[PDB]
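A.B. asks: The sequence isn't on hand, but the structure is:
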């Protein structure tokens, strides 16, 4: 789903940062739930209720656990980004996605 | 954080209705005295001549 692919792109951005910092395969990539709420707040809009947007983010993450890209939040409100994400969004697939998104934008005009 | 609050857009609105009927008096002795003294103080602080 599109809104899921947006969160996928954000996760992939964090993963590339962590990977290029610590190298490839060194330990496990982790991200705190805190950093993900602001990122979505730019796109999905702000409902003025931390509880509701937190529930929305957790629902998105859970739906992504059904695809095997992330674990569920653990005690410290942190989530591991399973390395499978590196293959789900790679150059060819991103190029196709960009083409399709530009086509949709053109339709919108 | 689990607690509601009143945004500014309600602060102003409540400032409106509760000033319709019986708002506190502003034109008074105390307000004139206070602005008198404040005008005294601000002027003495701008011109830097010692």
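C.D. replies: Structure received. Numbers count the residues shown, from 1 in each chain, chains lettered A, B, ... in the order given.

A.B. asks: Spell out which residues of chain A are next to chain B.
C.D. replies: By C-beta under 8 Å from any C-beta of the partner chain, the part of chain A that sits against chain B consists of A:48, A:50-51. Heads up, the C-betas are built off the backbone N, CA and C, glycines and all.

A.B. asks: So which of those wins on neighbours?
C.D. replies: Each of those was scored for neighbours by other C-beta atoms under 10 Å in any protein chain shown, and residue A:50 scores highest at 13 neighbours.

A.B. asks: which residues does residue B:37 contact?
C.D. replies: Counting by C-beta atoms under 8 Å, 6 or more residues apart in numbering or on different chains, residue B:37 touches no other residue.

A.B. asks: scratch that, residue A:80
C.D. replies: When contacts are counted by C-beta under 8 Å, 6+ apart, residue A:80 touches A:28-30, A:70-71.

A.B. asks: swap in residue A:79?
C.D. replies: Residue A:79 makes contact with A:30-31, A:33, A:61, A:70-73, according to C-beta under 8 Å, 6+ apart.
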